[PDB]
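Reading the structure
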Amino acid sequence: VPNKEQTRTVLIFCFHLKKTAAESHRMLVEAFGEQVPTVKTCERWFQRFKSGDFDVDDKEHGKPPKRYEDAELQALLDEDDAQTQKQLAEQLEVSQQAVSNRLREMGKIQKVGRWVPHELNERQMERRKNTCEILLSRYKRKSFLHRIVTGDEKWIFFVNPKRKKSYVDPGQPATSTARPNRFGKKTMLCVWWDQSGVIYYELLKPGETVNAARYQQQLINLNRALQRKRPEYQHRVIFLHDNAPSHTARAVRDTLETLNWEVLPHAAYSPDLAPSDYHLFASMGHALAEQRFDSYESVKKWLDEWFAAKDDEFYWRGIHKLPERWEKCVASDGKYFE
Amino acid sequence: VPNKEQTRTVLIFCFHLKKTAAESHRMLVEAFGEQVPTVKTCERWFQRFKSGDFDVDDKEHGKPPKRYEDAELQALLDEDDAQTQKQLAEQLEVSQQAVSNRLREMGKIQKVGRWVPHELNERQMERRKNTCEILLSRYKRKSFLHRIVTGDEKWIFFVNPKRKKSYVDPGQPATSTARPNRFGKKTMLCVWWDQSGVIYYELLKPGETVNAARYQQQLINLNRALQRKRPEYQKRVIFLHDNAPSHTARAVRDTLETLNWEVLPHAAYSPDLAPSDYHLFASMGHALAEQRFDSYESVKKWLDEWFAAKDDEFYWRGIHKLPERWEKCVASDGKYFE
DNA sequence: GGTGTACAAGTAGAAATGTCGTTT
DNA sequence: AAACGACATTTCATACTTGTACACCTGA
DNA sequence: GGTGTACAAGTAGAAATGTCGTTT
DNA sequence: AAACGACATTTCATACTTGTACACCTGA
DNA sequence: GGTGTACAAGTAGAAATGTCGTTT
DNA sequence: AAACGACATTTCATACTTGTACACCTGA
Ligand SMILES: [Mn+2]
């Protein structure tokens, strides 16, 4: 019993025995029986053998012509990056499943885009670009991160749920989780740190506020802590903090200039330029997930142990990111680079 | 110039030509040089050939043993539906990447869990069960949804941006979307409806509260418009609304009383049980995406086009889902059903 | 609810053959 | 007998169709 | 900033097949 | 020469391993 | 975040006397 | 002494009006 590939094989053999198409065909018919290609099909193959080959495959058969070739659909994404298949479909005369396939065929894949801090304003942009521009220049004259003490303030929710993902067979419930309350128990952490470590931090008790007055207390307390912790700030201290309604007030301005600290220029709506946000907290967020301290002091034991178990260089890295981190902001002409 | 399979193909041929084993090797040598398998394999082949040769394949050869039974990685999931490969791997005593593949080798895929309105108390769970049980029971006796009228308030943020997702080559960047302001401008929509459509609705001026006293005023105005829009009730309106502290006041309960409306019992923390929520706003939830509202007059404008644009089918359907919900709520024991 | 995607199955052009009369 | 030349036939990966499964969103 | 999943390339047992001396 | 039978040797789809690239979260 | 209803705990009358007149 | 009426003065007893705390909407 034979096959149309195996058949071709035999004929390669029958050929290499110096045998004619005819005396080859009648072999086949006697070995296998009457259902076996035509003499004409043997003669056919013979001609191909005298050129020489293993015709492992047929050459590609006939096929429908493409209704839209690649470079066309590619030009649609070049217009607008993120349209839906249903929707490039309409522009291409073709169905949806149709579009899915070629997208799969091309190198393409869908990814969920990034969240950006806030909708920036054409001024607000020139304003960032500049600060970045200025600070960066002033950097290269003489590095000053070595001096720089920075700080911010972030909420610590008491329970931090996040949706659980389950490995299950298609069409089954994946493990579901109950919503986090928006108006739930939460403290408020404010921490100041420098390139070496964490200098001093307060944990404002549940339902707590930071007012022009409050901040000064902290500021002065920070310095109190600073004296003994960084033994000898020869080199004047450089203070980087967000333009909160509180920090921006004239009351505090006075309390700052009297400590004589330098305030580093800062841009509105720019947490992506502020070490505490994009590096220190960013770490913490991973570390806080699925966690729930039920007591205010459990938060403190956690914070205390967290900072203590942090590496030393981890902070350095954070702070030292700043320069090229600006070089980026300016390369965007005051955009959010991501 | 053969391989080991074209080799069985020639020996299947030479077999039928009544050539002996050692006979076909002589031919095999002169056709394809001294480059082929040994006599011994021909002999071997030939015994197979004598009683159903049918080499469909090399019959499966050796392999390393498995380390964990498929069904043993399974028992891990029966414990925790939602683990990470790294984490299973560990208990399996084996590599993440290893586990990665037994997951596609078995059926399993990964899906995100539901978010669920509340961590439900042992009691609150049966508070629900009952109320469902209860309503579902009178429904069994005779449908009464024909005269059930319901409402609930819900927020309409002025800007609501969705995170945009995009088709791009691997490692290329997505599209980025500017975060929503946690607390921008928002109007607060109070709406009431029955199986025939929206009865009445008000759109509260941004930052507008709804207090025991203000609610009554609405209720009344609702009823005022009810005798007009539904003259049917001149010839018992079942009111379905949530245990809101505003809707729950001594004053309101006593106001409602002398309107002579029956208030359907409605279990606390049960928004999946109240049509307004799971059906009306849910329809809205979608058609609000990417939308912007420059002024409060647009939101009026936008509300009407929508409300009037939906056919009675849509509403009737929404209310008529109630029984199959209660049916569910009951044999879930009051747990938010899937 | 409402949407978006990708599998599942269908329904349409050259090569590889087949048929048949012609050439050696 | 052997091979060819010029038709018609049959073969099958392809480019698309519709139908629809089912992940995930949506109101809380 | 940290973590989680899949693609890539590499490294470890019985069938297929080989070598040789026996048996007809 | 043809075949076997017994003992040694080569072969390959397998089941894991390192490497990884990369989509995403993370912080406002 | 909003709000409202129950049960505080704290800051606002109607009976206790207290001090006078009296007169005999 | 001994009465007993006016009416200031000093408690005890309810009608207040903030106050704490728990409930239910909900959702960075
Ligand atoms: Mn801040």
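Parameters at a glance
- Residues numbered from 1 in each chain as written, not as in the entry; some residues may be left out.
- Chains lettered and ligands numbered in written order.
- Heavy atoms only, no water.
- UniProt positions renumbered as here; feature names shortened; annotations may be inferred.
- Disulfide = S-S within 2.5 Å.
- Buried < 20%, exposed > 50% of the residue type's maximum accessible area, 1.4 Å probe, protein only.
- Near = heavy atom within 4 Å.
- Polar contact = N/O pair within 3.5 Å; in protein donor to acceptor, adjacent residues only side chain to side chain.
- Nonpolar A, V, L, I, M, F, W, Y, C, P; charged D, E, K, R; others polar.
- Helix = DSSP H or I, 4+ residues; strand = E, 2+ residues; numbered from the N terminus.
- Domains from an automatic or database assignment.
- Pairing = 2+ DSSP bridges.
- Contact = heavy atoms within 4.5 Å.
- Axes fitted to C-alpha atoms, helices over the stretch in contact; angles between N-to-C directions.

For chain B, the name recorded in the PDB entry is Transposable element mariner, complete cds, with Drosophila mauritiana as its organism. Per its UniProt entry, chain B bears the Subunit comment "Homodimer. The complex has a trans arrangement, with each transposon end recognized by the DNA binding region of one transposase monomer and by the active site of the other monomer." Here is the UniProt Subcellular location comment for chain B, exactly as written: "Nucleus".

Chain A appears in the PDB entry as Transposable element mariner, complete cds from Drosophila mauritiana. Per its UniProt entry, chain A bears the Subunit comment "Homodimer. The complex has a trans arrangement, with each transposon end recognized by the DNA binding region of one transposase monomer and by the active site of the other monomer." In the Subcellular location part of its UniProt record, chain A is described as follows: "Nucleus".

Below, the discussion takes up the state of the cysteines. All names here are of chain A. All told, the structure shown has two disulfides over all chains when counted by the stated rule. Covalent S-S linkage joins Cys132 and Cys329, the inter-sulfur distance amounting to 2.1 Å. With the S-S bond torsion at 90 degrees, the cross-link from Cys132 to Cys329 turns out right-handed. Residue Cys132 is classed as buried on the basis of its relative accessible area of 3%. The buried category is assigned to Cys329, whose relative accessible area is 0%.

Surveying the vicinity of DNA strand G reveals the residues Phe183(A), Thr209(B), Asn211(B), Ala212(B), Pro245(B), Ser246(B), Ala249(B) and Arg250(B). Here DNA strand G approaches the protein such that, of its atoms within 4 Å, sugar and phosphate make up 57%. Within the backbone of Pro245(B), a nitrogen or oxygen atom sits 3.4 Å from a sugar or linking oxygen of DNA strand G. Measuring from a phosphate oxygen of DNA strand G, one finds a backbone N or O atom of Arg250(B) at 3.2 Å. The residue inventory of the surface near DNA strand G, partitioned by class, reads four nonpolar, three polar and one charged.

We now examine the side chain of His247(A). Position of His247(A) among the secondary structure elements: in the loop between β8 (238-240) and α9 (250-258). A distance of 2.8 Å separates a polar side-chain atom of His247(A) from the backbone oxygen of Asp242(A).

Turning to the domain arrangement of chain B, a few remarks are in order. Each domain of chain B was delimited in the assignment, giving domain 1 (1-50), domain 2 (69-107) and domain 3 (121-338). In this structure, domain 2 of chain B and domain 3 of chain B have C-alpha centres spaced 43 Å apart.

Bringing the protein's contact with DNA strand D into the picture now. Around DNA strand D, a shell composed of 39 residues is seen, among which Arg67(A), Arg102(A), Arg163(A), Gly171(A) and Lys111(B) lie nearest. Note that a phosphate oxygen of DNA strand D is positioned 3.0 Å from one of the side-chain N or O atoms of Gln47(A). Within the side chain of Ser95(A), an N or O atom sits 2.8 Å from a phosphate oxygen of DNA strand D. Elements supplying a minimum of two residues to the surface near DNA strand D: α2 (21-31), α3 (39-51) and α6 (96-105) of chain A together with β1 (109-112) and α10 (275-287) of chain B. It is α10(B) that provides the largest number of residues to the surface near DNA strand D, a total of six residues. Among the residues making up the surface near DNA strand D, the classes are represented as 14 nonpolar, nine polar and 16 charged.

Hydrogen bonding along the main chain pairs the strands of a sheet, whether they run parallel or antiparallel. Residue and element names in this part refer to chain A. Across the sheet, five strands lie side by side as β7-β6-β3-β8-β9; this open sheet has mixed pairing. If you trace the sheet from one side to the other, it starts and ends with β7 (198-204) and β9 (262-263), each paired once. Pairing geometry for strand β6 (residues 186-194) and β7, over six bridges, is antiparallel. Within the sheet, the bridge partner assigned to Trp192 lies in β7 and is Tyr200. Its contacts with the sheet put helix α11 (residues 296-309) on β3 (148-157), β6 and β7, and the angle it makes with β7 is roughly 165 degrees.

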